[PDB]
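Report on one structure; see the data block that follows.
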Amino acid sequence: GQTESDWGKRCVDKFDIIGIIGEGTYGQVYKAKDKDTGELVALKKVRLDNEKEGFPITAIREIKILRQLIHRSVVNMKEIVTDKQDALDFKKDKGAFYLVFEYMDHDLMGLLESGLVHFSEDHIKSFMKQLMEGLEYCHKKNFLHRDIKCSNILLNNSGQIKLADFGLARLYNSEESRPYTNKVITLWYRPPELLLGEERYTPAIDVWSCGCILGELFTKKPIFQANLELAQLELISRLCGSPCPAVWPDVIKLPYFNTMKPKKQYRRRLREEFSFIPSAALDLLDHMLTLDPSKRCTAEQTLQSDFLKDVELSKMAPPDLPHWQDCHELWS
Amino acid sequence: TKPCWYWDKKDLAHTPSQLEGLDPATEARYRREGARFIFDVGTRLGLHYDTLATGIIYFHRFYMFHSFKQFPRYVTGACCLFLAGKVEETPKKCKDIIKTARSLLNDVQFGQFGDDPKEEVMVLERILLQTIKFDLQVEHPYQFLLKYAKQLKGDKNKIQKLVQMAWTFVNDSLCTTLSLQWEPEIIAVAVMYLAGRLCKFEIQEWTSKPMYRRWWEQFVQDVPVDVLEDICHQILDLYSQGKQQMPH
Amino acid sequence: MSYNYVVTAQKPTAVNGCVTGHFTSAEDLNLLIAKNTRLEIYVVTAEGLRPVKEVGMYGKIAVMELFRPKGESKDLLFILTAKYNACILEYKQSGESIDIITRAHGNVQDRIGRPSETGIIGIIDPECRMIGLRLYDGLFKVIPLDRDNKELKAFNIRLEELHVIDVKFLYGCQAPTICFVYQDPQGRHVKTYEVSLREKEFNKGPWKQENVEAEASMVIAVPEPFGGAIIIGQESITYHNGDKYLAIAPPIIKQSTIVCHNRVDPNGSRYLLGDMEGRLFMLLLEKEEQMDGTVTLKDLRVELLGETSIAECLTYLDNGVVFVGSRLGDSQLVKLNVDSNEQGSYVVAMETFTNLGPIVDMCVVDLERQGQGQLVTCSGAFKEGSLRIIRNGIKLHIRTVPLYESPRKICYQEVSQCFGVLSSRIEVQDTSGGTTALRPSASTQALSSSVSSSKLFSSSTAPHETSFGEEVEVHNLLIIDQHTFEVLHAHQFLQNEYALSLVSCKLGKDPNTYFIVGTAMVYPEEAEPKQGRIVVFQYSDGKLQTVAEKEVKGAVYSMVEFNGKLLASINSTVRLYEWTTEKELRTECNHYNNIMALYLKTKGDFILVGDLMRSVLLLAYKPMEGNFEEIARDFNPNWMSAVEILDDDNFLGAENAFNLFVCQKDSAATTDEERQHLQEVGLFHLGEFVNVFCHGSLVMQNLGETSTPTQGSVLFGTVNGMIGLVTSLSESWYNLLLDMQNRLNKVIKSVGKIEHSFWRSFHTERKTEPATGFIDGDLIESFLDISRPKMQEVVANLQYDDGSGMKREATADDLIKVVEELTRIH
Ligand SMILES: Cn1cc(-n2cnc3c(NCc4nc5cc(Cl)c(Cl)cc5[nH]4)nc(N4CCOCC4)nc32)cn1
């Protein structure tokens, strides 16, 4: 037994809380160290205090989905711990639960937002291949992360990449068309089909978000930055072309197609405005940022590309982090 | 065991004199000035030729550890010759060297000796012995130039013209950093190599291996032609720079 | 939620650029000096410079070039800011009122593009056909210089070579031709392209590409007589023009890197060069002319003229004078003589322009108990390093104490009537195996001197090998008198040991006041230092005595006194030491949840931690448990440069992107998550790089309590010499002054038609947000300079809080009293 099979019976007393590290999907993420093992772990709180519906269903999804997923590029939920169990009467226990994850060294957001790190072409290949291998694994298991952002992309100093938050993760079925929440991805990474109101969306919603991250590694700046969905669709049209029935036959089915019209019927300028990107990556970026989700490439097809097909995960070319004594003031 | 007294040509750009703001031309000038100063002073005192070079080599080695701006060149050169006299068993009194120095130096140059010229020299002897690490025994290319010429057989007049011309090149090479770049045996071969080209001599014919086109190898082993051409280039730089012409 | 107020006490003094042209009139020769966000217009005379106009711009001046198109009487000015604001300006003088007219304006930022490594480059075609901009890798932006292009619209030409070093518009070409040095994995090369405004694309260049030096630095557009270009590197200077190729390799330029250049003769016969060691060279172009049918280059020559200030820009004016614009030291006007002086130098200084340079550290001290206060700063680097004592003068009086080495950190100890200054000098591995300094400095010219004899690191199995010619930094602790500013003592630290932090305080129950230095063992093989020392000194009877040493496993980036205990940051750790009765340091508690704990501030039991990333953290020392406790952290990632505590709920920080922000604790909420969340409530793009925050003020302090609109005083020094002041406001004063800014912005015309809200908007490479919680005091204090009709436009419909409890409308003179009271804080 043991070997992380029995869950919920261990208490949070065995973990010393270092502090809060950031805001997660539904609750804020804290960092801690195990007393017995000495390992740094990431915890996420579940209140369970709301006697309205008891245990949150969005948490039940992340517990159900994450215990099935096991991959080198996915943060694995280590265990689940609870608060102190009050008295002999199970009725008096108002304690909350905590999800125990593996702790990573840095986050893609903190690295890029600070402006310290530099990504070479070999670093992006090591980054994107691990990112696409994990996404292909979860897409093969019919799961949708629906919240691909730099804050959920974690990195160790060795060069290993892992995806983090699965609270907004749902199950996908092509046969069964079940309506989901139309707004789900950060506006800067939201696919054009979700902007136009598609409630029954494909796994290609994560492919578009990761495509915006691929281009974000070459410019160190997010591609489409807008405060409104219509303004976001305009920036997408200025680069990838305006959504039209010619390049997107199923765009008419989308509800907001007549409602959310771009300023002009722009032509596709993606290859023009990204001429500085290597040829191997521009072909990958062009397909990942395709308007039609049925014409957009899959996770497996990105791994079968000249940019990623022959990349070896044994190298794991870590991203350059600045050193010290050669920084700040007039040093170098 | 014994310290190393040889650097590379590229290292001369990092002498204490260079690193204190002195330009390469000035330090080279200050070295020729100090070398000719030691040469002329000891010549006036009737000193042996080995004594002159020993002080010049002490002088060259000294400003590899110190700067010309902090130690006056002519005060240091007098101390080297004074020590070289006691080293090479050709001693002269310190007052005799100071007297000769005043003869060859103007009022401006002699001001380096301060109010007490003798004391400024006697004091510097401690730092000189410490800087040279008490490695007093120094050999010069003269004895090797003679050791190699005796093994040559042929026209006595042609060999004698080769020796004196090479000997002149050794006297001129003292003004340079060649004393620090290469061992004295290689310098003696290079001056034979230079005097052979100018005199149009086939030195190989006078050796025990008249066919050995690398005549220099029978004297000094493991010497490429690149080194000989490099040394010849440095010696001839003095002749083209100064007003003296090649002996020929 | 928070309200703050920022004013400029000292304008930027470091010269970031200098140009010569004909801006005011076609006859006068003008020298337009560019400091950060400031433009100074001068008139060159036989005696010196004559000021004519100084204007402020709502942007950091990156590109500044003078040009004269076909049909213009005098040269026009083109300026591109750091935020990509481009504009063309004209000089207009109506008697005594001098105003600068914005002929054209626009923003040339592209939605997508990787910013280049060598920075923004701006070049203008010799025929004034187009403006060439290199803003992104693989993109060359062209603004066609048409008379109707008042919006400065531009198109992008694709660039095959992604990594470019420098580019200029070539002279003597039939079609507009650019010459650039680029770097690919095969080394660096020089290439040429022909720009076609009609086709909007590149054509094949005139002369071919050749493999050049691996450290090729600058491109010099040789004028029409000679033609072509000159490439400056580290060891060789090369001239390329058509089939002609020239290469000179002097041994003198290898000693120091050449960084700037300027042409003396407009035909291109003579050029100026400058080194990092202040050395000045002259690049001579020999002519071979035979009925003018050739004018080819015979050879190139470089001669050492003398030493100037470490200049970012050189410009040769008329009558033999050159303006030496320095960023690391004082700018100067130097005279170039045909005669060498008694030292062999051909350069003689005429005037000295005080430049605070990089203000690495500073401390406010009331030396004379006047109530005014004086500010002593560590200013300059290398040979231009110095101490600056700044006081309010009844303008400003600044006294300079040259150090001739780089100052690091400063602290004042009244018990010894002296200052503590950390300093570093550069020595080079000589032929003796040791090192020899290039110039004497304060650490060598100290009255008494000492060297740390510590064996704490013993042999540390690290006898690193040293080769000849390698630069090494020698760190020292300087003891400087408060009256004479004479170097009383200098303590030289261990080999390869860097001095990083310095504090003066008493500890525990020990009555002796100590100087404490936090150090680090710096080796190039180490990415992060893993060795360091915290050493305690006592200055007594003119000599420094080593009291105690504590070995740490990292770099002691910062130290501070905490209730008689020493709070020190060691790499990612923030540690609190206790001063035992045995006169030694003892560890009490630790905190580790950091990346690189850099800047530290304390207040009571509260601790503000400024890390490299992600931002600022609050630590509270809990005396009951005896261990630290995290309260709240700013979760938005920022690269911190200096932190400061305003009050018990507000915190002030500065980031590397020239931005100031203010965090606040979410009051005392009921949720544990709300309290632990430091919320950024203030945002403001300063435009300067803040290195040190310091509490205090140079104004007279009246112990009598006066209900002043400002509360608190925080001074800061920047890299460009700018010194500012931060203060808090009430919500009534914030809304009152903020409403004036919107009224002042609609009234005041800015240089280049730059929006004030766009300039002060929080700006990084990734996010741009509007300013909040900050009042641009430089805009409010401009109310005392606008004309009376504009004042009535500001005070119209404006409702004031006159007296007590009444919302009465303000008179224009009521606003003049408010601004004049705010002008008294500096
Ligand atoms: C769901 N899940 C999460 C993790 N996970 C593991 N490791 C980290 C990690 N490590 C970098 C890091 N950033 C820090 C910031 C601070 Cl202020 C401090 Cl004190 C310590 C920090 N460490 N960051 C984050 N993010 C969560 C949400 O927003 C931002 C980043 N999630 C992490 C595992 N599963």
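Chains as they are written, first to last, in PDB author numbering: chain H, 713 to 1044; chain C, 20 to 267; chain G, 1 to 394, 709 to 1140. Each residue gets a CB set at the ideal place from its N, CA and C atoms; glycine is no exception.
- With the rule of 3 Cβ pairs closer than 8 Å, the region 70-78 of chain C counts as touching the region 103-111 of chain C.
- Each residue's CA atom was taken as its position, placing residue 159/G and residue 132/G some 13 Å apart.
- A Cβ-Cβ contact shorter than 9 Å links residue 215/G with residue 233/G.
- In the three-state DSSP reduction, residue 51/G falls in the strand class (E or B).
- The contact set of residue 812/G on chain H, defined by CB atoms closer than 8 Å, consists of 1037 in chain order.
- Residues of the region 133-152 of chain G whose Cβ lies closer than 9 Å to any Cβ of chain H, in chain order: 136, 137, 138, 139.
- Going by DSSP, residue 262/G is part of the beta strand (DSSP E) stretching over 258-263.
- Every alpha helix (DSSP H) stretch that sits fully inside the region 955-1028 of chain G and reaches 4 residues is listed by chain position as 986-989.
- Counting only Cβ-Cβ distances below 7 Å, residue 821/H has contacts in chain G at 951, in chain order.
- One Cα belongs to residue 1084/G, the other to residue 771/G, and the distance between them is close to 51 Å.
- Counting only the Cα atoms, residue 105/G lies some 27 Å from residue 164/G.
- Taking the CA atoms as reference points, residue 51/G sits about 6 Å from residue 43/G.
- If you ignore the 5 residues before and after residue 171/C, its C-beta comes within less than 6 Å of the C-beta of 178, 225, all in its own chain and listed in chain order.
- CA-CA distance, residue 869/H to residue 858/H, rounds to 27 Å.
- The Cβ-Cβ distance between residue 267/C and residue 783/G does not fall below 9 Å.
- Within the model, the alpha-carbon separation for residue 801/H versus residue 729/H is close to 28 Å.
- Taking residue 1063/G as the centre and dropping the five residues before and after it, the same chain places no C-beta closer than 6 Å to its C-beta.
- Inclusion of residue 863/H in the 8 Å shell around ligand 1 follows from its C-beta lying nearer than that to a non-hydrogen atom of the ligand.
- Non-local beta-carbon contacts of residue 909/H in its own chain, meaning distances under 7 Å to residues more than five positions away in sequence, involve 894, 966, 967, 968 in chain order.
- The alpha-carbon of residue 957/H is positioned some 38 Å away from that of residue 196/G.
- In the structure shown, the three-state DSSP call for residue 991/H is helix.
- Within the DSSP secondary-structure output, residue 845/G pairs in no beta bridge.
- Secondary structure within the region 851-906 of chain G: the beta strand (DSSP E) runs of 3 or more consecutive residues, fully enclosed, are 857-866, 870-876, 879-884, 887-893, 899-905 (chain order).
- The straight-line gap separating the alpha-carbon atoms of residue 767/G and residue 201/C is approximately 39 Å.
- Contact annotation, residue 882/H with residue 808/H: C-beta distance approximately 24 Å; criterion of less than 8 Å not satisfied.
- Using a Cβ-Cβ cut-off of 9 Å, residue 33/C counts as an interface residue toward chain G, since at least one Cβ of chain G sits closer than that to its own.
- For the region 278-295 of chain G, the set of residues with a beta-carbon nearer than 9 Å to any beta-carbon of chain C is empty.
- Shown here, residue 1045/G sits in a helix according to DSSP, grouped into three states.
- Between residue 207/C and residue 164/C, the gap from beta carbon to beta carbon is short of 9 Å.
- For residue 72/C, the uninterrupted alpha helix (DSSP H) run begins and ends at 68-81, by DSSP.
- Taking 9 Å as the upper bound on Cβ-Cβ separation, chain C lies near residues 741, 742, 743, 744, 745, 746, 747, 748, 749, 750, 751, 752, 753 of the region 741-772 of chain G.
- One thing to note: residue 13/G has its Cβ no nearer than 9 Å to the Cβ of residue 217/G.
- The beta carbon of residue 941/H sits no closer than 9 Å to any beta carbon of chain G.
- Here the alpha carbons of residue 1021/H and residue 1000/H stand approximately 16 Å from one another.
- For residue 967/H, the three-state secondary structure derived from DSSP is helix.
- Collapsing the DSSP output to three states places residue 138/C in a helix.
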